[PDB]
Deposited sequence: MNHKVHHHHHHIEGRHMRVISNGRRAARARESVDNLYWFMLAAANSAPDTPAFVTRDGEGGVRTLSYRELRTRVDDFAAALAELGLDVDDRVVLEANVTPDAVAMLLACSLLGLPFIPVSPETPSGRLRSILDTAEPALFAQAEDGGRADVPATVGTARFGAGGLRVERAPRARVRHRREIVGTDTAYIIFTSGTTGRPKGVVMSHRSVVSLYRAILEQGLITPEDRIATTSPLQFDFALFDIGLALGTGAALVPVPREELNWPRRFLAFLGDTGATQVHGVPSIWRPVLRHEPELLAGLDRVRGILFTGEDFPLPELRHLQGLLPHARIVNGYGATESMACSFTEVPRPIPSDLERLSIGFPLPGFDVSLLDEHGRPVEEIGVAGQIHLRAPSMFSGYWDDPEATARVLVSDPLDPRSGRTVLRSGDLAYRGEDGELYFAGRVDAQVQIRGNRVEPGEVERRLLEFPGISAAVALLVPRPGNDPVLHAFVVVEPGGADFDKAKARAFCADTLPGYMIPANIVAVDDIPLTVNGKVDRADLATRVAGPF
């Protein structure tokens, strides 16, 4: 009786598990060294979907998935996907006060955590479950409800990413199945990755960088290599992990390299299997970037630029070697089927090389809105200033950029705007500079 996305409708289930039909016995995950096959992953998703369907949740009903990137956590989000149940990924590190704030806003039907999970006292108004290879064990069944939705569509919400927005307000980026799949399709077209690759992923699941890495790898028929968040503090254990698992690509915010470059630059030079590194989140300090390049000279580095509101925007290979005169890394060209206007303060095109204007993004991968915040949505998703009467929307990015002589882009910071407004690093759960931490001094 539960609704299920059809094979022909944009949906993470069908997008990520297509490799179960071409190459069922190929590795989807590498853990520690154990592989999990595409077929094994599909069975786990189908088992979780069968248990989830029993609960009587309507399409658009929200499941909080509290977990790090694990084979089980991905099986759960793909089982939420097939049933049109939007997943809200939460890091176990998240303090209980912030979870309870997301539970109050998002009003989910169910909170799901790993079998060995430590979260207690989730409110009585929300259902609770635990997942493992054992299956999905319900602790408290979700409320009785009448199912109103007959059919799952590609514009249905896949996931909501919750952060504290720039005011106090909880920021919930609502992303449709069709928006995410569109990003995955665009980046597959680039051909960064092959089925023979093993993607070491470092981001927490509540960061769409993790959602990028999962989709990129499974979409391609490659293997995902979740790096346990613990091993990242311990540079020798981190390099040992990448070596032992045969990781060919390492994805993470710039932060993940700082401990390794200070304490174990000799051992990093020893990872001969690594063909590629990908980063996003913030500027890669150029001294650390030139150091990292020097230590793995046969490894392509990709600068990934974009926001949660579109998942991503551009992927530019860092010049090898980095020019000795280079001021700034290029964020290159938007992906095929993506487009940027640089507009001045009045929304007029900037058409001078070297002059910064606000990025306005046209993309197939656009968010649907900010959870319960239509004012904020109307200030970010706006009438295209180059076509204001059509009703077409663009993303008013709040990011500045300028163009070089071949039309490539350069990030020039926030229009809101380590130095602060003083000169100084404490990291956010996502691996960013905790600028709010440093500003309290």
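In sequence order, the gaps in C-alpha coverage of the deposited chain fall at 1-24, 57-61, 447-473, 478-487, 491-527, 545-549.
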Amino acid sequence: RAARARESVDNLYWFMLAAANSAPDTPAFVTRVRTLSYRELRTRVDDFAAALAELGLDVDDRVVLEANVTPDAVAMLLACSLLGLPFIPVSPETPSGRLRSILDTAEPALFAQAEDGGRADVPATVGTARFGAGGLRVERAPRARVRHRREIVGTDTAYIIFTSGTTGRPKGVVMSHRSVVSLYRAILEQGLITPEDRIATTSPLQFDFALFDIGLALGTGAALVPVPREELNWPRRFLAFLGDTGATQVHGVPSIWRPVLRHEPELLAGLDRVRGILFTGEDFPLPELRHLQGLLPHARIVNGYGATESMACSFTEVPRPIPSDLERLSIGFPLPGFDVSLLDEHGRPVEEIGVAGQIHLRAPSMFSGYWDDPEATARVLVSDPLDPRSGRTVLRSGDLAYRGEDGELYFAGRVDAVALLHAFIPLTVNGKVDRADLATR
From here on, numbers count along this sequence of modelled residues.
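Higher average CA B factor: 166-174, of the stretches 364-372 and 166-174.
The question of which stretch, 393-401 or 33-41, has the higher mean Cα B factor is settled in favour of 33-41. Across the residues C313, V181, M76, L239, the deposited record lists the maximum Cα B factor for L239. Ranking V302, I322, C80, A109 by Cα temperature factor from the entry places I322 first. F338: CA B factor in the lowest third of modelled residues in this chain (values from the PDB entry). For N11, the recorded CA temperature factor ranks within the lowest third of the chain's modelled residues.
When the CA B factors of the chain's modelled residues are split into thirds, the value for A2 lands in the middle one.
Ranked by Cα temperature factor within the chain, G221 sits in the middle third according to the deposited record.
Per-chain ranking of the deposited C-alpha B factor places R258 in the highest third.
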